[PDB]
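**Q** What follows is work35.pdb, PDB, C-alpha atoms and all ligand atoms.
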```
ATOM      1  CA  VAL P   1      10.090  11.412  -4.006  1.00  0.00           C
ATOM      2  CA  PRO P   2       9.567   8.419  -1.687  1.00  0.00           C
ATOM      3  CA  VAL P   3      11.896   5.415  -1.965  1.00  0.00           C
ATOM      4  CA  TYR P   4      10.287   2.011  -1.356  1.00  0.00           C
ATOM      5  CA  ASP P   5      11.911  -1.389  -0.864  1.00  0.00           C
ATOM      6  CA  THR P   6       9.458  -3.413   1.288  1.00  0.00           C
ATOM      7  CA  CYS P   7       5.730  -4.082   1.043  1.00  0.00           C
ATOM      8  CA  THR P   8       3.431  -3.019   3.885  1.00  0.00           C
ATOM      9  CA  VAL P   9       0.311  -5.156   3.297  1.00  0.00           C
ATOM     10  CA  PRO P  10       0.309  -8.263   5.531  1.00  0.00           C
ATOM     11  CA  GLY P  11       0.638 -11.418   3.475  1.00  0.00           C
ATOM     12  CA  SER P  12       1.701  -9.596   0.303  1.00  0.00           C
ATOM     13  CA  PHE P  13       4.648 -10.551  -1.894  1.00  0.00           C
ATOM     14  CA  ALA P  14       5.833  -8.711  -5.017  1.00  0.00           C
ATOM     15  CA  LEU P  15       7.413 -10.610  -7.904  1.00  0.00           C
ATOM     16  CA  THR P  16       9.204  -7.914  -9.917  1.00  0.00           C
ATOM     17  CA  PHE P  17      10.919  -8.167 -13.300  1.00  0.00           C
ATOM     18  CA  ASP P  18      13.516  -5.841 -14.818  1.00  0.00           C
ATOM     19  CA  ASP P  19      14.979  -5.103 -18.251  1.00  0.00           C
ATOM     20  CA  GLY P  20      12.052  -6.375 -20.341  1.00  0.00           C
ATOM     21  CA  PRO P  21      10.009  -7.039 -22.223  1.00  0.00           C
ATOM     22  CA  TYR P  22      11.822  -9.890 -23.967  1.00  0.00           C
ATOM     23  CA  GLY P  23      11.283 -12.992 -26.076  1.00  0.00           C
ATOM     24  CA  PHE P  24       9.860 -15.048 -23.191  1.00  0.00           C
ATOM     25  CA  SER P  25       7.451 -12.369 -21.942  1.00  0.00           C
ATOM     26  CA  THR P  26       4.236 -13.875 -23.353  1.00  0.00           C
ATOM     27  CA  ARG P  27       5.094 -17.141 -21.566  1.00  0.00           C
ATOM     28  CA  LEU P  28       5.861 -15.322 -18.320  1.00  0.00           C
ATOM     29  CA  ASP P  29       2.590 -13.404 -18.410  1.00  0.00           C
ATOM     30  CA  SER P  30       0.614 -16.538 -19.297  1.00  0.00           C
ATOM     31  CA  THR P  31       2.124 -18.286 -16.251  1.00  0.00           C
ATOM     32  CA  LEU P  32       1.291 -15.329 -14.005  1.00  0.00           C
ATOM     33  CA  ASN P  33      -2.217 -14.908 -15.415  1.00  0.00           C
ATOM     34  CA  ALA P  34      -3.052 -18.609 -15.039  1.00  0.00           C
ATOM     35  CA  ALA P  35      -2.480 -18.199 -11.282  1.00  0.00           C
ATOM     36  CA  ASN P  36      -4.073 -14.710 -11.061  1.00  0.00           C
ATOM     37  CA  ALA P  37      -0.624 -13.541  -9.945  1.00  0.00           C
ATOM     38  CA  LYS P  38       0.344  -9.925 -10.642  1.00  0.00           C
ATOM     39  CA  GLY P  39       3.822  -8.872 -11.689  1.00  0.00           C
ATOM     40  CA  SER P  40       5.661  -5.563 -11.529  1.00  0.00           C
ATOM     41  CA  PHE P  41       7.636  -4.806 -14.685  1.00  0.00           C
ATOM     42  CA  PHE P  42      10.382  -2.172 -14.887  1.00  0.00           C
ATOM     43  CA  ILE P  43      10.878  -1.849 -18.641  1.00  0.00           C
ATOM     44  CA  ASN P  44      13.574  -0.381 -20.857  1.00  0.00           C
ATOM     45  CA  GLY P  45      13.200   1.463 -24.141  1.00  0.00           C
ATOM     46  CA  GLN P  46      16.271   0.252 -26.027  1.00  0.00           C
ATOM     47  CA  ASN P  47      18.020  -2.507 -24.071  1.00  0.00           C
ATOM     48  CA  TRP P  48      17.420  -6.164 -24.902  1.00  0.00           C
ATOM     49  CA  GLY P  49      15.136  -5.102 -27.718  1.00  0.00           C
ATOM     50  CA  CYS P  50      13.154  -2.020 -28.723  1.00  0.00           C
ATOM     51  CA  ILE P  51      10.053  -1.276 -26.625  1.00  0.00           C
ATOM     52  CA  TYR P  52       7.977  -0.644 -29.769  1.00  0.00           C
ATOM     53  CA  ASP P  53       8.667  -4.201 -30.959  1.00  0.00           C
ATOM     54  CA  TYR P  54       7.049  -5.382 -27.707  1.00  0.00           C
ATOM     55  CA  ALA P  55       3.887  -3.254 -28.008  1.00  0.00           C
ATOM     56  CA  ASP P  56       1.506  -6.239 -28.062  1.00  0.00           C
ATOM     57  CA  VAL P  57       3.035  -7.779 -24.914  1.00  0.00           C
ATOM     58  CA  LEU P  58       2.895  -4.358 -23.283  1.00  0.00           C
ATOM     59  CA  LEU P  59      -0.804  -3.949 -24.109  1.00  0.00           C
ATOM     60  CA  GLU P  60      -1.638  -7.402 -22.684  1.00  0.00           C
ATOM     61  CA  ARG P  61       0.345  -6.583 -19.536  1.00  0.00           C
ATOM     62  CA  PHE P  62      -1.315  -3.181 -19.142  1.00  0.00           C
ATOM     63  CA  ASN P  63      -4.820  -4.582 -19.584  1.00  0.00           C
ATOM     64  CA  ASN P  64      -4.355  -7.556 -17.217  1.00  0.00           C
ATOM     65  CA  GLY P  65      -3.649  -5.708 -13.975  1.00  0.00           C
ATOM     66  CA  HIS P  66       0.145  -5.888 -14.119  1.00  0.00           C
ATOM     67  CA  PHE P  67       2.193  -2.890 -13.010  1.00  0.00           C
ATOM     68  CA  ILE P  68       4.372  -1.243 -15.684  1.00  0.00           C
ATOM     69  CA  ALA P  69       7.014   1.272 -14.602  1.00  0.00           C
ATOM     70  CA  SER P  70      10.143   2.811 -16.068  1.00  0.00           C
ATOM     71  CA  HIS P  71      13.712   1.433 -15.888  1.00  0.00           C
ATOM     72  CA  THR P  72      15.073   4.285 -18.123  1.00  0.00           C
ATOM     73  CA  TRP P  73      15.419   4.260 -21.902  1.00  0.00           C
ATOM     74  CA  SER P  74      18.976   2.912 -22.255  1.00  0.00           C
ATOM     75  CA  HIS P  75      19.595   1.309 -18.811  1.00  0.00           C
ATOM     76  CA  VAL P  76      22.076   4.008 -17.762  1.00  0.00           C
ATOM     77  CA  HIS P  77      24.151   4.410 -14.608  1.00  0.00           C
ATOM     78  CA  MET P  78      21.994   7.302 -13.451  1.00  0.00           C
ATOM     79  CA  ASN P  79      24.487   8.661 -10.913  1.00  0.00           C
ATOM     80  CA  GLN P  80      26.749   9.483 -13.892  1.00  0.00           C
ATOM     81  CA  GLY P  81      24.169  11.557 -15.770  1.00  0.00           C
ATOM     82  CA  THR P  82      23.410  15.240 -15.825  1.00  0.00           C
ATOM     83  CA  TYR P  83      19.935  16.408 -14.850  1.00  0.00           C
ATOM     84  CA  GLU P  84      19.156  16.919 -18.532  1.00  0.00           C
ATOM     85  CA  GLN P  85      20.386  13.485 -19.636  1.00  0.00           C
ATOM     86  CA  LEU P  86      18.336  11.800 -16.902  1.00  0.00           C
ATOM     87  CA  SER P  87      15.240  13.786 -17.875  1.00  0.00           C
ATOM     88  CA  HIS P  88      15.679  12.606 -21.472  1.00  0.00           C
ATOM     89  CA  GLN P  89      16.265   8.997 -20.319  1.00  0.00           C
ATOM     90  CA  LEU P  90      12.931   9.117 -18.497  1.00  0.00           C
ATOM     91  CA  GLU P  91      11.064  11.151 -21.130  1.00  0.00           C
ATOM     92  CA  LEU P  92      11.803   8.611 -23.868  1.00  0.00           C
ATOM     93  CA  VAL P  93      10.125   5.779 -21.935  1.00  0.00           C
ATOM     94  CA  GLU P  94       7.202   8.051 -21.063  1.00  0.00           C
ATOM     95  CA  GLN P  95       6.749   8.831 -24.756  1.00  0.00           C
ATOM     96  CA  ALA P  96       6.745   5.160 -25.775  1.00  0.00           C
ATOM     97  CA  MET P  97       4.119   4.396 -23.140  1.00  0.00           C
ATOM     98  CA  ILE P  98       2.061   7.391 -24.325  1.00  0.00           C
ATOM     99  CA  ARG P  99       2.153   6.147 -27.926  1.00  0.00           C
ATOM    100  CA  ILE P 100       1.479   2.481 -27.122  1.00  0.00           C
ATOM    101  CA  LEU P 101      -0.740   2.707 -24.022  1.00  0.00           C
ATOM    102  CA  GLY P 102      -1.943   6.317 -23.928  1.00  0.00           C
ATOM    103  CA  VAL P 103      -0.421   6.812 -20.448  1.00  0.00           C
ATOM    104  CA  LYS P 104       2.750   7.940 -18.625  1.00  0.00           C
ATOM    105  CA  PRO P 105       4.299   5.918 -15.781  1.00  0.00           C
ATOM    106  CA  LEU P 106       4.259   7.322 -12.257  1.00  0.00           C
ATOM    107  CA  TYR P 107       7.021   5.057 -10.914  1.00  0.00           C
ATOM    108  CA  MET P 108      10.495   3.853 -11.773  1.00  0.00           C
ATOM    109  CA  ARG P 109      13.350   1.657 -10.598  1.00  0.00           C
ATOM    110  CA  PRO P 110      16.933   2.815 -11.280  1.00  0.00           C
ATOM    111  CA  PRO P 111      19.275   0.519 -13.201  1.00  0.00           C
ATOM    112  CA  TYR P 112      21.820  -1.109 -10.876  1.00  0.00           C
ATOM    113  CA  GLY P 113      19.858   0.238  -7.904  1.00  0.00           C
ATOM    114  CA  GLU P 114      21.902   3.419  -8.354  1.00  0.00           C
ATOM    115  CA  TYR P 115      20.399   6.805  -7.574  1.00  0.00           C
ATOM    116  CA  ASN P 116      21.331  10.117  -5.969  1.00  0.00           C
ATOM    117  CA  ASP P 117      19.823  13.528  -5.263  1.00  0.00           C
ATOM    118  CA  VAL P 118      19.816  14.513  -8.947  1.00  0.00           C
ATOM    119  CA  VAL P 119      17.799  11.385  -9.768  1.00  0.00           C
ATOM    120  CA  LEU P 120      15.313  12.120  -6.995  1.00  0.00           C
ATOM    121  CA  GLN P 121      14.982  15.747  -8.120  1.00  0.00           C
ATOM    122  CA  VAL P 122      14.356  14.742 -11.754  1.00  0.00           C
ATOM    123  CA  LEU P 123      11.712  12.261 -10.615  1.00  0.00           C
ATOM    124  CA  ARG P 124      10.009  14.937  -8.516  1.00  0.00           C
ATOM    125  CA  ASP P 125      10.079  17.474 -11.356  1.00  0.00           C
ATOM    126  CA  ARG P 126       8.670  14.945 -13.834  1.00  0.00           C
ATOM    127  CA  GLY P 127       5.757  14.012 -11.553  1.00  0.00           C
ATOM    128  CA  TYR P 128       6.873  10.571 -10.375  1.00  0.00           C
ATOM    129  CA  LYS P 129       5.319   9.253  -7.189  1.00  0.00           C
ATOM    130  CA  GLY P 130       8.000   6.777  -6.176  1.00  0.00           C
ATOM    131  CA  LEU P 131      11.354   5.116  -6.765  1.00  0.00           C
ATOM    132  CA  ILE P 132      11.038   1.343  -6.294  1.00  0.00           C
ATOM    133  CA  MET P 133      13.988  -0.685  -5.033  1.00  0.00           C
ATOM    134  CA  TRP P 134      13.736  -4.247  -3.642  1.00  0.00           C
ATOM    135  CA  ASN P 135      14.632  -6.252  -0.563  1.00  0.00           C
ATOM    136  CA  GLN P 136      15.467  -9.741  -1.900  1.00  0.00           C
ATOM    137  CA  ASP P 137      17.481 -10.666  -4.999  1.00  0.00           C
ATOM    138  CA  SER P 138      16.715 -13.908  -6.816  1.00  0.00           C
ATOM    139  CA  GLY P 139      20.309 -13.958  -7.993  1.00  0.00           C
ATOM    140  CA  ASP P 140      19.286 -14.594 -11.591  1.00  0.00           C
ATOM    141  CA  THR P 141      21.902 -12.079 -12.824  1.00  0.00           C
ATOM    142  CA  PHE P 142      24.702 -13.037 -10.435  1.00  0.00           C
ATOM    143  CA  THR P 143      27.821 -14.345 -12.122  1.00  0.00           C
ATOM    144  CA  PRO P 144      28.539 -17.230 -11.712  1.00  0.00           C
ATOM    145  CA  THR P 145      24.786 -17.750 -11.802  1.00  0.00           C
ATOM    146  CA  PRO P 146      22.978 -19.948  -9.275  1.00  0.00           C
ATOM    147  CA  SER P 147      21.010 -22.849 -10.673  1.00  0.00           C
ATOM    148  CA  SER P 148      17.239 -22.609 -11.003  1.00  0.00           C
ATOM    149  CA  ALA P 149      17.017 -25.138  -8.172  1.00  0.00           C
ATOM    150  CA  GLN P 150      19.102 -22.850  -5.948  1.00  0.00           C
ATOM    151  CA  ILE P 151      16.989 -19.796  -6.809  1.00  0.00           C
ATOM    152  CA  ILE P 152      13.761 -21.705  -6.173  1.00  0.00           C
ATOM    153  CA  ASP P 153      15.128 -22.819  -2.800  1.00  0.00           C
ATOM    154  CA  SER P 154      15.978 -19.217  -1.883  1.00  0.00           C
ATOM    155  CA  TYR P 155      12.357 -18.292  -2.628  1.00  0.00           C
ATOM    156  CA  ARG P 156      11.208 -20.871  -0.057  1.00  0.00           C
ATOM    157  CA  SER P 157      12.598 -18.619   2.681  1.00  0.00           C
ATOM    158  CA  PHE P 158      11.832 -15.123   1.373  1.00  0.00           C
ATOM    159  CA  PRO P 159       9.387 -13.748   3.977  1.00  0.00           C
ATOM    160  CA  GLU P 160       6.082 -11.936   3.631  1.00  0.00           C
ATOM    161  CA  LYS P 161       6.285  -8.371   2.220  1.00  0.00           C
ATOM    162  CA  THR P 162       9.278  -9.250   0.006  1.00  0.00           C
ATOM    163  CA  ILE P 163       9.856  -7.186  -3.104  1.00  0.00           C
ATOM    164  CA  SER P 164      11.902  -9.680  -5.131  1.00  0.00           C
ATOM    165  CA  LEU P 165      14.259  -8.719  -7.947  1.00  0.00           C
ATOM    166  CA  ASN P 166      14.144 -10.869 -11.101  1.00  0.00           C
ATOM    167  CA  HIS P 167      15.078 -10.204 -14.734  1.00  0.00           C
ATOM    168  CA  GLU P 168      12.761 -11.362 -17.477  1.00  0.00           C
ATOM    169  CA  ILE P 169      15.701 -11.449 -19.920  1.00  0.00           C
ATOM    170  CA  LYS P 170      16.763 -14.725 -18.224  1.00  0.00           C
ATOM    171  CA  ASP P 171      15.135 -17.742 -19.850  1.00  0.00           C
ATOM    172  CA  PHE P 172      15.391 -19.922 -16.732  1.00  0.00           C
ATOM    173  CA  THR P 173      13.648 -17.276 -14.636  1.00  0.00           C
ATOM    174  CA  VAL P 174      10.628 -17.456 -16.957  1.00  0.00           C
ATOM    175  CA  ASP P 175      10.657 -21.192 -17.706  1.00  0.00           C
ATOM    176  CA  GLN P 176      11.912 -22.748 -14.446  1.00  0.00           C
ATOM    177  CA  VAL P 177      11.905 -20.362 -11.470  1.00  0.00           C
ATOM    178  CA  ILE P 178       8.567 -18.533 -11.744  1.00  0.00           C
ATOM    179  CA  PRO P 179       6.478 -21.651 -12.563  1.00  0.00           C
ATOM    180  CA  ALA P 180       7.946 -23.301  -9.465  1.00  0.00           C
ATOM    181  CA  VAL P 181       7.759 -20.384  -7.062  1.00  0.00           C
ATOM    182  CA  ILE P 182       4.205 -19.170  -7.803  1.00  0.00           C
ATOM    183  CA  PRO P 183       2.689 -22.293  -6.144  1.00  0.00           C
ATOM    184  CA  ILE P 184       5.270 -22.184  -3.328  1.00  0.00           C
ATOM    185  CA  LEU P 185       4.319 -18.604  -2.483  1.00  0.00           C
ATOM    186  CA  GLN P 186       0.550 -18.870  -3.011  1.00  0.00           C
ATOM    187  CA  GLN P 187       0.251 -22.169  -1.133  1.00  0.00           C
ATOM    188  CA  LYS P 188       2.009 -20.781   1.964  1.00  0.00           C
ATOM    189  CA  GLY P 189      -0.486 -17.906   2.157  1.00  0.00           C
ATOM    190  CA  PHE P 190       1.119 -15.068   0.217  1.00  0.00           C
ATOM    191  CA  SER P 191      -0.767 -12.755  -2.152  1.00  0.00           C
ATOM    192  CA  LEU P 192       1.217 -12.110  -5.356  1.00  0.00           C
ATOM    193  CA  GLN P 193       0.530  -8.385  -5.746  1.00  0.00           C
ATOM    194  CA  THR P 194       1.951  -5.498  -7.716  1.00  0.00           C
ATOM    195  CA  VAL P 195       4.264  -3.161  -5.821  1.00  0.00           C
ATOM    196  CA  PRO P 196       1.739  -0.283  -5.508  1.00  0.00           C
ATOM    197  CA  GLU P 197      -0.901  -2.629  -4.105  1.00  0.00           C
ATOM    198  CA  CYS P 198       1.561  -4.215  -1.688  1.00  0.00           C
ATOM    199  CA  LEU P 199       2.604  -0.753  -0.486  1.00  0.00           C
ATOM    200  CA  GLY P 200      -0.966   0.077   0.450  1.00  0.00           C
ATOM    201  CA  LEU P 201      -1.072   2.559  -2.402  1.00  0.00           C
ATOM    202  CA  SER P 202      -3.913   1.913  -4.832  1.00  0.00           C
ATOM    203  CA  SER P 203      -4.953  -1.519  -6.065  1.00  0.00           C
ATOM    204  CA  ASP P 204      -6.657   0.163  -9.051  1.00  0.00           C
ATOM    205  CA  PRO P 205      -4.293  -0.076 -12.069  1.00  0.00           C
ATOM    206  CA  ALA P 206      -5.519   3.276 -13.370  1.00  0.00           C
ATOM    207  CA  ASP P 207      -3.933   4.934 -10.331  1.00  0.00           C
ATOM    208  CA  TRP P 208      -0.438   3.765 -11.335  1.00  0.00           C
ATOM    209  CA  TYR P 209      -0.343   5.943 -14.479  1.00  0.00           C
ATOM    210  CA  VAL P 210      -1.374   9.344 -15.816  1.00  0.00           C
ATOM    211  CA  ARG P 211      -3.592   9.253 -18.882  1.00  0.00           C
ATOM    212  CA  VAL P 212      -2.314  11.539 -21.643  1.00  0.00           C
ATOM    213  CA  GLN P 213      -4.312  10.639 -24.771  1.00  0.00           C
ATOM    214  CA  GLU P 214      -5.831   7.724 -26.633  1.00  0.00           C
ATOM    215  CA  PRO P 215      -3.406   4.912 -27.519  1.00  0.00           C
ATOM    216  CA  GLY P 216      -1.853   5.417 -30.921  1.00  0.00           C
ATOM    217  CA  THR P 217      -1.715   3.129 -33.903  1.00  0.00           C
ATOM    218  CA  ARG P 218       1.637   1.832 -35.075  1.00  0.00           C
ATOM    219  CA  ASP P 219       3.290   4.207 -37.544  1.00  0.00           C
ATOM    220  CA  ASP P 220       6.853   5.016 -38.538  1.00  0.00           C
ATOM    221  CA  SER P 221       7.476   6.830 -35.229  1.00  0.00           C
ATOM    222  CA  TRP P 222       7.266   3.460 -33.427  1.00  0.00           C
ATOM    223  CA  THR P 223      11.023   2.938 -33.696  1.00  0.00           C
ATOM    224  CA  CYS P 224      14.134   2.997 -31.550  1.00  0.00           C
ATOM    225  CA  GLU P 225      16.416   4.064 -34.413  1.00  0.00           C
TER     226      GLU P 225
HETATM  227  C1  LIG G   1      26.513  -3.206 -18.200  1.00  0.00           C
HETATM  228  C2  LIG G   1      25.499  -4.240 -17.725  1.00  0.00           C
HETATM  229  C3  LIG G   1      24.095  -3.665 -17.876  1.00  0.00           C
HETATM  230  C4  LIG G   1      25.590  -5.410 -18.699  1.00  0.00           C
HETATM  231  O1  LIG G   1      25.682  -4.757 -16.413  1.00  0.00           O
HETATM  232  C5  LIG G   1      26.285  -4.095 -15.309  1.00  0.00           C
HETATM  233  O2  LIG G   1      27.131  -3.269 -15.427  1.00  0.00           O
HETATM  234  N1  LIG G   1      25.835  -4.497 -13.971  1.00  0.00           N
HETATM  235  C6  LIG G   1      26.296  -3.904 -12.715  1.00  0.00           C
HETATM  236  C7  LIG G   1      25.777  -4.725 -11.518  1.00  0.00           C
HETATM  237  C8  LIG G   1      25.654  -3.905 -10.224  1.00  0.00           C
HETATM  238  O3  LIG G   1      26.321  -2.934 -10.115  1.00  0.00           O
HETATM  239  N2  LIG G   1      24.760  -4.242  -9.110  1.00  0.00           N
HETATM  240  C9  LIG G   1      23.834  -5.365  -9.025  1.00  0.00           C
HETATM  241  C10 LIG G   1      22.596  -4.971  -9.828  1.00  0.00           C
HETATM  242  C11 LIG G   1      21.328  -4.830  -9.271  1.00  0.00           C
HETATM  243  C12 LIG G   1      20.267  -4.456 -10.097  1.00  0.00           C
HETATM  244  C13 LIG G   1      20.515  -4.207 -11.449  1.00  0.00           C
HETATM  245  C14 LIG G   1      19.424  -3.834 -12.440  1.00  0.00           C
HETATM  246  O4  LIG G   1      19.442  -2.899 -13.182  1.00  0.00           O
HETATM  247  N3  LIG G   1      18.355  -4.758 -12.492  1.00  0.00           N
HETATM  248  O5  LIG G   1      17.370  -4.497 -13.406  1.00  0.00           O
HETATM  249  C15 LIG G   1      21.766  -4.371 -11.988  1.00  0.00           C
HETATM  250  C16 LIG G   1      22.800  -4.742 -11.172  1.00  0.00           C
HETATM  251 ZN    ZN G   2      18.231  -3.517 -14.907  1.00  0.00          ZN
END
```
Is it possible to express this structure as structure tokens?

**A**
Amino acid sequence: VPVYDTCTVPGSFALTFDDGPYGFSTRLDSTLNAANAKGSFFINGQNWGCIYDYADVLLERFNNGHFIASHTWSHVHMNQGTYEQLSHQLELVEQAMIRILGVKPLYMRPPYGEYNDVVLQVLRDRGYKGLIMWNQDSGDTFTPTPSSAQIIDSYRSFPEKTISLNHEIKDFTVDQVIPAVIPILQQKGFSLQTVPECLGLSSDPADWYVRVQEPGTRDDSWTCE
């Protein structure tokens, strides 16, 4: 399975967000949508909330041209897992997306940026088309953590074709950094694209997923317990 860390489209720039959705996600998506900016979201199943509790955010995201991909169910260190454990960690996110959205993801980003040959083999066997890394880190999960002002200033020098790592579980990323950096990036000529678009893969959202069935209605299976 191909590994990607840099966009190819001239002028493109990918704002990407891990570990969500979260309690600030409707604000984040409103900010992106107001600027016609597209985000790439690498979601968990049970990590900072249960994916089924975020079904409405997920449906908005899915229907507004944002890219949704897997970050594993439990945010595991994938190099420590057996083939079977990793398959289960991916399957569980696939199943949530099937129930909520009717589709399976075709892409994923490994927690901690950690992957090996077992990970790549599982992704191949499960039909994934790519493993998505990044090439600039906002620093929003560094510890000690840089200030929002510092992170915004770093964004002023991230070049074209950046795939930037952010975490939407950080309130200041949603409320301070992204509202400041969207105009910085758009006004200097960058196109805020999803990762598949910026890789010269498809710009059609339907090409980022595999349709399985019609979206389900919430029932007692929509649980992480
Ligand atoms: C147990 C918990 C989960 C609390 O934290 C950790 O152990 N962190 C280990 C940090 C690390 O090794 N490298 C830097 C890094 C890059 C990307 C990601 C990631 O997954 N972004 O979404 C995480 C870390
Ligand atoms: Zn993560």

**Q** Fewer than 5 positions away in the same chain doesn't count, so skip those; otherwise give me all residues within 8 Å of residue 166 in chain P, counting all atoms listed in the file, as a list in words.

**A**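 Listed by chain and then number, they are residues 15, 16, 17, 18, 137, 138, 139, 140 and 173 of chain P.
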
**Q** Got a sec to check which residues lie within 7 Å of ligand ZN 2 (chain G), using all atoms listed in the file, and send them as a VMD selection string?

**A** chain P and resid 18 to 19 71 75 111 to 112

**Q** Could you tell me, counting all atoms listed in the file, which protein and nucleic acid residues lie no more than 12 Å from ligand LIG 1 (chain G), written as a ChimeraX atom specification?

**A** /P:16-21,40-44,46-48,69-79,108-115,132-143,164-170

**Q** For the structure provided, state which residues fall under the PyMOL selection byres (((chain P and resi 225) around 12) and not hetatm), and present them as a ChimeraX atom specification.

**A** /P:45-46,49-53,220-224

**Q** Could you tell me which of P:157, P:26, P:6, P:80 comes closest to residue 116 in chain P if we count all atoms listed in the file?

**A**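 Of P:157, P:26, P:6, P:80, the one nearest residue 116 in chain P, counting all atoms listed in the file, is P:80.
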
**Q** I need the residue set behind the PyMOL selection byres (((chain P and resi 177-186) around 7) and not hetatm) for this file; please write it as a ChimeraX atom specification.

**A** /P:31,148,151-152,155-156,172-176,187-191

**Q** I need the residues from that last selection saved to file as a CSV table (one decimal), keeping the file's coordinate frame (with C-alpha atoms), if you can.

**A**
```csv
chain,number,residue,atom,x,y,z
P,31,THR,CA,2.1,-18.3,-16.3
P,148,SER,CA,17.2,-22.6,-11.0
P,151,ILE,CA,17.0,-19.8,-6.8
P,152,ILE,CA,13.8,-21.7,-6.2
P,155,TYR,CA,12.4,-18.3,-2.6
P,156,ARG,CA,11.2,-20.9,-0.1
P,172,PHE,CA,15.4,-19.9,-16.7
P,173,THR,CA,13.6,-17.3,-14.6
P,174,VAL,CA,10.6,-17.5,-17.0
P,175,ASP,CA,10.7,-21.2,-17.7
P,176,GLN,CA,11.9,-22.7,-14.4
P,187,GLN,CA,0.3,-22.2,-1.1
P,188,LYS,CA,2.0,-20.8,2.0
P,189,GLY,CA,-0.5,-17.9,2.2
P,190,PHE,CA,1.1,-15.1,0.2
P,191,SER,CA,-0.8,-12.8,-2.2
```

**Q** Need the neighbours of (-1.8, -4.9, -26.6): which residues are at most 12 Å away, counting only C-alpha atoms, as a ChimeraX atom specification?

**A** /P:26,52-64,97,99-102,215-218

**Q** Generate a file of the selected residues that holds C-alpha atoms, formatted as a CSV table (one decimal), keeping the file's coordinate frame.

**A**
```csv
chain,number,residue,atom,x,y,z
P,26,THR,CA,4.2,-13.9,-23.4
P,52,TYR,CA,8.0,-0.6,-29.8
P,53,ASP,CA,8.7,-4.2,-31.0
P,54,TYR,CA,7.0,-5.4,-27.7
P,55,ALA,CA,3.9,-3.3,-28.0
P,56,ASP,CA,1.5,-6.2,-28.1
P,57,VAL,CA,3.0,-7.8,-24.9
P,58,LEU,CA,2.9,-4.4,-23.3
P,59,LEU,CA,-0.8,-3.9,-24.1
P,60,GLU,CA,-1.6,-7.4,-22.7
P,61,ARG,CA,0.3,-6.6,-19.5
P,62,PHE,CA,-1.3,-3.2,-19.1
P,63,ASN,CA,-4.8,-4.6,-19.6
P,64,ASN,CA,-4.4,-7.6,-17.2
P,97,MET,CA,4.1,4.4,-23.1
P,99,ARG,CA,2.2,6.1,-27.9
P,100,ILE,CA,1.5,2.5,-27.1
P,101,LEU,CA,-0.7,2.7,-24.0
P,102,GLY,CA,-1.9,6.3,-23.9
P,215,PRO,CA,-3.4,4.9,-27.5
P,216,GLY,CA,-1.9,5.4,-30.9
P,217,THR,CA,-1.7,3.1,-33.9
P,218,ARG,CA,1.6,1.8,-35.1
```

**Q** What does the PyMOL selection byres (((chain P and resi 207) around 12) and not hetatm) select in this file, as a PDB file with C-alpha atoms, keeping the file's coordinate frame?

**A**
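Output saved as part.pdb:
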```
ATOM      1  CA  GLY P  65      -3.649  -5.708 -13.975  1.00  0.00           C
ATOM      2  CA  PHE P  67       2.193  -2.890 -13.010  1.00  0.00           C
ATOM      3  CA  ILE P  68       4.372  -1.243 -15.684  1.00  0.00           C
ATOM      4  CA  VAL P 103      -0.421   6.812 -20.448  1.00  0.00           C
ATOM      5  CA  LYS P 104       2.750   7.940 -18.625  1.00  0.00           C
ATOM      6  CA  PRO P 105       4.299   5.918 -15.781  1.00  0.00           C
ATOM      7  CA  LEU P 106       4.259   7.322 -12.257  1.00  0.00           C
ATOM      8  CA  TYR P 107       7.021   5.057 -10.914  1.00  0.00           C
ATOM      9  CA  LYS P 129       5.319   9.253  -7.189  1.00  0.00           C
ATOM     10  CA  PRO P 196       1.739  -0.283  -5.508  1.00  0.00           C
ATOM     11  CA  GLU P 197      -0.901  -2.629  -4.105  1.00  0.00           C
ATOM     12  CA  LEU P 201      -1.072   2.559  -2.402  1.00  0.00           C
ATOM     13  CA  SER P 202      -3.913   1.913  -4.832  1.00  0.00           C
ATOM     14  CA  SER P 203      -4.953  -1.519  -6.065  1.00  0.00           C
ATOM     15  CA  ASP P 204      -6.657   0.163  -9.051  1.00  0.00           C
ATOM     16  CA  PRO P 205      -4.293  -0.076 -12.069  1.00  0.00           C
ATOM     17  CA  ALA P 206      -5.519   3.276 -13.370  1.00  0.00           C
ATOM     18  CA  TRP P 208      -0.438   3.765 -11.335  1.00  0.00           C
ATOM     19  CA  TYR P 209      -0.343   5.943 -14.479  1.00  0.00           C
ATOM     20  CA  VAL P 210      -1.374   9.344 -15.816  1.00  0.00           C
ATOM     21  CA  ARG P 211      -3.592   9.253 -18.882  1.00  0.00           C
TER      22      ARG P 211
END
```

**Q** Kindly provide, as AutoDock Vina command-line options, the centre and edge lengths (Å, one decimal) of an axis-aligned box around all atoms of range 199-208 of chain P given in the file, with 3 Å on each side.

**A**
```
--center_x -2.0 --center_y 1.7 --center_z -6.5 --size_x 15.3 --size_y 12.5 --size_z 19.8
```

**Q** For residue 119 in chain P, which residue among P:85, P:213, P:154, P:36 is the nearest when counting all atoms listed in the file?

**A** P:85

**Q** Any idea what's packed within 10 Å of residue 82 in chain P, counting all atoms listed in the file, ignoring anything in its chain fewer than 6 positions away? Could you give it as a PyMOL selection string?

**A** chain P and resi 88+118-119+122

**Q** Only C-alpha atoms, please: the residues just picked out, written as an mmCIF file, keeping the file's coordinate frame.

**A**
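And here's selection_30.cif as it stands now:
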```cif
data_model
loop_
_atom_site.group_PDB
_atom_site.id
_atom_site.type_symbol
_atom_site.label_atom_id
_atom_site.label_comp_id
_atom_site.auth_asym_id
_atom_site.auth_seq_id
_atom_site.Cartn_x
_atom_site.Cartn_y
_atom_site.Cartn_z
ATOM 1 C CA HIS P 88 15.679 12.606 -21.472
ATOM 2 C CA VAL P 118 19.816 14.513 -8.947
ATOM 3 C CA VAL P 119 17.799 11.385 -9.768
ATOM 4 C CA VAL P 122 14.356 14.742 -11.754
#
```
